[PDB]
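Novice: Take a look at this one; I'll ask things after.
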Amino acid sequence: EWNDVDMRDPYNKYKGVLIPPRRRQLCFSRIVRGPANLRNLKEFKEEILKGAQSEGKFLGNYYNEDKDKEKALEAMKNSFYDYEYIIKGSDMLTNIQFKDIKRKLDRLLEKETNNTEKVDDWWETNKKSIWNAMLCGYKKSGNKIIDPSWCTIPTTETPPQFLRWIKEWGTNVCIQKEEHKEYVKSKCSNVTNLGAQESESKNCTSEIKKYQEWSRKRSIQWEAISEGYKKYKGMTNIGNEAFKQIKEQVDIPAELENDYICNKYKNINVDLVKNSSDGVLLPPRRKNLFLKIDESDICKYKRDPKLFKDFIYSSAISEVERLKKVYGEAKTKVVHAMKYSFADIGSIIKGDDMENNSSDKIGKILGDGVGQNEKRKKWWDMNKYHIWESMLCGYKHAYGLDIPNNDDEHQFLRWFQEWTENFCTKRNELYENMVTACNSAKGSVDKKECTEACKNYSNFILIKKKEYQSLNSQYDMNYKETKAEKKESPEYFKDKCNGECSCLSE
């Protein structure tokens with residue numbers, strides 16, 4: 001059981017240390033101390049060896065109790081890490097006299113003012129002895145790295161003790177969280193079927209709710225331990241909120257009744273907007289999209305998908321970098337352009353939209369179908385999340401989080417919505433320019449600047465019909481019998497914005 005107070009009381013240091021439930025209970029065969037005054041260097045070494053052998057035996061018995069495909073190895077490695085910390089603490093731990101008195105007696109008996117190098121070498125010798133305690137054990141008896149007639153794992157080098165403790169705590173907390181998630185997902189897995197009533201399996205939700213609060217108890221506790229580490233360091237989610245929140249799978253029945261990660265983008269480092277249109281218009285981004293065909297990596301994609309993934313990552317990073325440098329400085333228009341680029345990339349990578357090179361690339365990489373891109377959809381979602389995190393890091397570094405639901409809509413419909421938005425922006429800009437140009441001004445015209453001011457707007461409106469013509473063709477795509485119209489087209493345009501379609505379809 002998670003006994004926070006039970007450890008806090010004897011610790012008397014306020015540190016938030018919580019051992020796992022399996023590592024906490026005990027094996028009672030071991031005795032805290034045997035002989036009272038029968039203490040000698042050789043006798044003390046023998047007693048420590050016996051304790052280590054017994055501990056290994058109980059670890060093996062527990063692993064046999066588990067009998068898991070991979071949990072056994074994780075428990076084995078954690079046991080070695082914990083015992084290594086205990087043996088080579090070389091500092092103050094939660095031991096009354098388990099190490100201090102032994103070290104004092106060893107230093108007093110070995111020689112007058114014995115050095116700590118002798119104790120360190122003795123500890124390393126004990127580690128070697130615990131490694132060799134198998135005594136050429138049979139392959140069947142012990143489970144280790146599988147080799148012909150020799151099932152053993154190589155010795156693991158000891159990293160820094162501070163980093164080693166950080167890693168052990170992280171692995172413990174993670175393993176706990178995956179185990180809790182597996183337990184919650186196993187039971188009450190099916191919620192879509194007969195999930196209208198919460199009382200049918202409400203308990204399961206309560207369980208996750210309990211887990212949720214337990215997760216909270218972890219979070220603060222984790223923070224506490226972090227603080228302690230800050231003191232001792234003296235020389236598929238978006239952020240930490242996901243740890244406190246619960247998976248979306250439970251949201252269906254749950255309806256209401258420091259910067260190390262951010263440095264990965266840096267570690268992985270390495271006129272289009274002002275172009276004027278001259279039967280289908282060319283979008284400013286898709287016209288100069290970075291989708292160059294590389295025939296030198298065609299065979300590599302078939303041989304090692306890893307190279308293809310690395311190429312995809314590099315291309316995405318380069319495209320996002322060039323886009324951010326070419327956007328400008330205005331926050332709102334820059335974010336709108338980023339959303340437009342994201343929609344364009346999602347559409348292109350789905351293999352659904354007039355481009356032959358993209359279709360050939362998709363076919364060569366996987367030979368995708370006409371419109372089946374579920375794996376492509378998930379890949380696009382992951383790439384969008386990665387690009388969003390990279391852009392957040394870039395913006396934070398340049399100037400000192402969750403993706404909005406507006407961009408999460410269908411890419412095909414969002415693409416027309418963003419056309420409507422940019423058309424409205426252009427209309428407003430032209431209106432303001434024409435009002436400011438010569439509105440205050442009044443046979444032959446005296447100022448030639450405004451002779452071509454308003455007319456272009458009409459020509460632009462003519463382009464509108466062309467777009468409307470394309471819109472008409474787009475309507476033909478929606479006019480199809482299958483899902484011909486979920487809700488009326490002009491009213492759909494009006495309601496497709498959260499206040500941004502007031503100037504749209506007016």
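Ligands are numbered from 1 in the order shown, residues from 1 within each chain, and chains are lettered A, B, ... in the order they appear in the structure tokens.
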Give me the residues within 9 Å of stretch 179-184 of chain A as a PyMOL selection string, counting only C-alpha atoms and dropping any in the same chain fewer than 4 places off.
Specialist: chain A and resi 174-175+188-189+204-205+207-208+211
Novice: Might you pull out every residue within 12 Å of residue A:362, with only C-alpha atoms counted and same-chain residues fewer than 2 positions away left off, and present them as number ranges by chain?
Specialist: A: 291, 293, 298, 301, 348-352, 355-360, 364-373, 376
Novice: For a quick check of understanding, using only C-alpha atoms, which of A:340, A:454, A:469, A:236 has the smallest distance to residue A:378?
Specialist: A:236
Novice: So that I can check the surroundings of residue A:27, please list as a ChimeraX atom specification every protein, DNA and RNA residue that reaches within 12 Å of it, counting only C-alpha atoms and ignoring chain neighbours fewer than 5 positions away.
Specialist: /A:22,32,51,54-62
Novice: Could you give me, as CSV, every stretch 4-116 of chain A residue with an atom at most 12 Å from stretch 127-133 of chain A, plus its closest atom pair and distance in Å to one decimal, counting only C-alpha atoms, rows ordered by chain then number?
Specialist:
residue,atom,partner,partner_atom,distance
A:45,CA,A:129,CA,11.0
A:46,CA,A:129,CA,11.3
A:48,CA,A:130,CA,10.3
A:49,CA,A:130,CA,7.7
A:50,CA,A:130,CA,10.1
A:51,CA,A:130,CA,10.2
A:52,CA,A:130,CA,6.7
A:53,CA,A:133,CA,7.2
A:54,CA,A:130,CA,10.6
A:55,CA,A:130,CA,10.0
A:56,CA,A:130,CA,8.2
A:57,CA,A:133,CA,10.3
A:79,CA,A:130,CA,11.9
A:80,CA,A:131,CA,9.5
A:81,CA,A:127,CA,11.2
A:83,CA,A:127,CA,9.1
A:84,CA,A:127,CA,7.6
A:85,CA,A:127,CA,11.0
A:86,CA,A:127,CA,11.1
A:87,CA,A:127,CA,8.1
A:88,CA,A:127,CA,9.4
Novice: Smallest atom-to-atom distance to residue A:158: which of A:233, A:380, A:82, A:118, using only C-alpha atoms?
Specialist: A:82
Novice: I need the residues of stretch 421-458 of chain A that end up classed as alpha helix (DSSP H) by DSSP on the backbone, written out as a list in words.
Specialist: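 Everything in stretch 421-458 of chain A that counts as alpha helix (DSSP H) is residues 421, 422, 423, 424, 425, 426, 427, 428, 429, 430, 431, 432, 433, 434, 435, 436, 437, 438, 453, 454, 455, 456, 457 and 458 of chain A.
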Novice: Please produce an output containing C-alpha atoms for each residue in the selection, written as a CSV table (one decimal), in the first residue's frame.
Specialist:
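The new file selection_15.csv reads:
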chain,number,residue,atom,x,y,z
A,421,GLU,CA,-11.1,34.3,-44.3
A,422,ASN,CA,-8.3,35.5,-46.6
A,423,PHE,CA,-10.8,36.8,-49.1
A,424,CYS,CA,-12.5,38.8,-46.4
A,425,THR,CA,-9.1,40.2,-45.2
A,426,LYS,CA,-8.3,41.2,-48.8
A,427,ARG,CA,-11.7,42.9,-49.1
A,428,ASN,CA,-11.2,44.9,-45.9
A,429,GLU,CA,-7.7,45.9,-46.9
A,430,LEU,CA,-8.9,47.1,-50.3
A,431,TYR,CA,-11.8,48.9,-48.7
A,432,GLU,CA,-9.5,50.8,-46.3
A,433,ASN,CA,-7.0,51.6,-49.1
A,434,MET,CA,-9.7,53.0,-51.4
A,435,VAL,CA,-11.3,55.0,-48.6
A,436,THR,CA,-8.0,56.5,-47.6
A,437,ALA,CA,-6.6,57.1,-51.1
A,438,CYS,CA,-8.7,60.0,-52.5
A,453,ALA,CA,-8.1,52.2,-57.8
A,454,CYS,CA,-11.7,51.1,-57.7
A,455,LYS,CA,-11.8,49.2,-61.0
A,456,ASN,CA,-9.2,46.6,-59.9
A,457,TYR,CA,-11.6,45.9,-56.9
A,458,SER,CA,-14.3,45.1,-59.5
